[PDB]
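Considered here are two forms of the same protein chain, supplied as structure tokens in two stand-alone entries, structure 1 and structure 2.
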Structure 1
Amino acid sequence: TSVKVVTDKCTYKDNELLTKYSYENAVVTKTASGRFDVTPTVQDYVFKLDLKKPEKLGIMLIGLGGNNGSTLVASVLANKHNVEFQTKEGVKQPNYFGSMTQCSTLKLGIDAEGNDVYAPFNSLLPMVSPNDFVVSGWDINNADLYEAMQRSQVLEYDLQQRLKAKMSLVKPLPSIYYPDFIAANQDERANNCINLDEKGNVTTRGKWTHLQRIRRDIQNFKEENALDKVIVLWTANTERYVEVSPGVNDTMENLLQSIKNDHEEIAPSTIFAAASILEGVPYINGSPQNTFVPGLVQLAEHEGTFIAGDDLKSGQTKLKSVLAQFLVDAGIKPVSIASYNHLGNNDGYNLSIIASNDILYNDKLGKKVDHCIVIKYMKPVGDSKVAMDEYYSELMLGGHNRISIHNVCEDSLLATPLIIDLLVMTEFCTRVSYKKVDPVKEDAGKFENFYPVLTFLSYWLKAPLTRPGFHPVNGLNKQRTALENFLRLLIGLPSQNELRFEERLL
């Protein structure tokens, strides 16, 4: 499918789309007798979109041999090659269910009877297909992707067998292993490392050489596959937070020298992110550690390359967000949120809204929500994960409400389509540039790319890497709306209002 809007806001020229958009917002000021003084603001923009998308997109994953990496490669091959497979429920055709860019829809408007008309999320503007991903990456373990699948226990046995021949040919590149950064148990899995000494052992020495090695890898992968575009994504084991100290990783220059100095606060991801930036390739952090120290963020700004992330947002987390928001929107006051969960995969083994509502949360009836988060490792559960979150909330006149959400599913089958989403949306953003219109000075403007931090990806990240003078904004619903309204405006359509006046009125 394809979409064509009749608008005077858009002009297509030589695989290039120019769109006018007037951004409206409002600045508020509450004071005195509690009066909210709101002053609307307007800012006109011109968006430019390279309509020409990569025929093939290179993807390089750190942790390629794990559950997510294994599964991501399997899904691209299975789908690209229409690899149907046998299950106890019969033959099945591959798909990308769980992917918003591949399997969700957006409301374009209404037809003749006044009913909504939805179109595929990726049918509005040109987006790259996961079927066109050319995937590679690094892993401290040398097992090929077929062996990786076997070890992960995520995919149907018969699907692994039909993909055996191809997955066996995929081997992860050696990686950077600095033992002290991951969960104890690891020196055994690590058997494919570049950072070796004269005798071929450990070594956290030569971090800048490691950095160079990684940059060569990116250059090699790019040329050997005749790839113009490449994106890097960390989906490896969570590392132990790095301390942010002045003079070391506080600035571009400082960080860069610290790496050269083989400093203790220079983790493997730090080098991967730095190497990607230096190569000009977008870098996404799918783990919770804080690799985006202030010195790295400056580097990206300096280089003018995109970065994003900090922990892939799990399904349970999303649901929690949606659920908590719903209660509050309805004026329900949650007092506690007991969250629990346990899995038996390597991820867990390694791991082995009050502000918006002062009516409910204030200094008279309570401003806090007692909530605990427990994550246990239960090996016999496998990739399958069991999450349970309970909400005990206050209702009117001394009443209470207890809601329990139980969730069971193979974690990696949820994570892989989200990785696909992060990759497709990241590529899409790279082809987007803009320029703010100066009311007074007609021209002179020059297009620019988004701020080096792609917050448009917050939908898929648990802890959004916040830009300096602003606070992170989660709220899953608010996050999809933004993405939806962005595609909309690029094609000359206004944000969704839900007013349906062609029904409520006259």
Structure 2
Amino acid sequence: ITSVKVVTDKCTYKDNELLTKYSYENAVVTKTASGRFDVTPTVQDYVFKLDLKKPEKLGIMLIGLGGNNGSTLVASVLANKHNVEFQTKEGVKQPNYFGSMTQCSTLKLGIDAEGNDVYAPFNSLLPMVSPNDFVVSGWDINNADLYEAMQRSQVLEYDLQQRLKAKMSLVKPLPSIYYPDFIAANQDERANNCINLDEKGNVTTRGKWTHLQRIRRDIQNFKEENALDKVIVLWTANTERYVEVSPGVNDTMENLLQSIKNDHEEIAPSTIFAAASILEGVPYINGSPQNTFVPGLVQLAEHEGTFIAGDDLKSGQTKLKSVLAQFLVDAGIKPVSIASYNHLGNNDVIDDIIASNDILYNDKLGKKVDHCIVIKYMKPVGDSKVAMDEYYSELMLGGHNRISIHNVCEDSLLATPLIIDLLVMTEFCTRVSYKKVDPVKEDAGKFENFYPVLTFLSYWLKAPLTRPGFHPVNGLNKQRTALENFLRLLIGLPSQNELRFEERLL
């Protein structure tokens, strides 16, 4: 086992509790009616409290348990938990979690003897839950046990599915909530595992409060049956249609909970799964694009003080594009056109970047981008995901650049480890407590929990759901920095500056 012992007094231990002091330095900027920036620094001290005792088993309830991500996840955990080696064309492979930052990436702790960089495992600084400690279950509008889910999905090697057959067969998703009007038609017959059935087994959108109670009961039951204390709920099911945000309906907490009791039309399944989890007090992550997190719902999250994070899983084509686009502005290149294309076979941003650079995107030179996306359905590819993106930037003196990003991989294989990270991090956050510190008054204040809306998880979410007034930040590399810096911080380590003065300077 690997661990780090940071020798600092900025933090101490008191009963599986790590207490760290930290001086958060920022700066406020102003502008003069003549073009000037008046930067006034800011400082604010805190004391962070990390509950060192992590759960021995972490509950995981997936909405879409039978899909590609859902089945693959369980597959992975089981495989890894049991060291279920498997056969392939390349021979017997050992199971792993490649693609997981939390589980495979490293972080620089500082320099060694010879002034050279030293890295450690992302999870070797502070105690995080091992995905091998996940106790996974969930819901799905389809009853197929997880082995049939694997067969159907076609993501994992045939030999591996067979070695997992025995156990994966015993895992059957709980009946879920189905409201037909919220998803693409082709999911009709797929639904044969619904908790919402009228007096005669017929999907009925009426009685949504009865449904809200069920999911909640479901969570409570999943917990006691597994002797678990902690559980997180992650939505990874078909994308619902966007829901309209209208005053009187879901604008406030009261109006949302009401609409649920009135069986309102703007109340969706995820809204119910979301509302439940929160009232149940368990973190809820929205791995899909729809806007289940309406203002009224958010208020509930804040009131109950329960974690939430969401809006899509940022993977492959979407990451590799965030890095490519950023990089092109960090060099002062103006990417004009951007053709993006997709197409899979299974049952499945630049505006902020174009705003950070004003010498490229102003009024005289221009500030527009012809970005046209595309995800056609080429079923004849199973889970193989081909993704082409081409940027046609502008160079000095009339020249142009033309960069292409051709991508091809088993999508749900990248998605699973990403889902794993979201859970490992959100569970870790459920143990971080912080207290603001008055410089002129000792131990003033009571420890608090992260503001409900956990934005630290954005590195994995495509549309970071931020709190009101705050504009989202999609810079992928930046997103990771906040993560490591935050962990660095928690053990008494400074934020990376990359200055290297024990080399730049005599």
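The term rigid core refers to the most C-alpha atoms you can superpose between the two forms while keeping them within 1.5 Å. The first residue in the sequence of structure 1 is number 1, and each one after it adds one.
After superposing the rigid core, the C-alpha of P439 moves by 2 Å or more between structure 1 and structure 2. After superposition on the rigid core, the Cα atom of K30 is displaced by 2.2 Å between structure 1 and structure 2.
Here the rigid core is superposed, and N115 then shows its C-alpha moved by 0.6 angstrom between structure 1 and structure 2. Aligning the rigid core between structure 1 and structure 2 leaves the CA of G200 offset by 1.1 Å.
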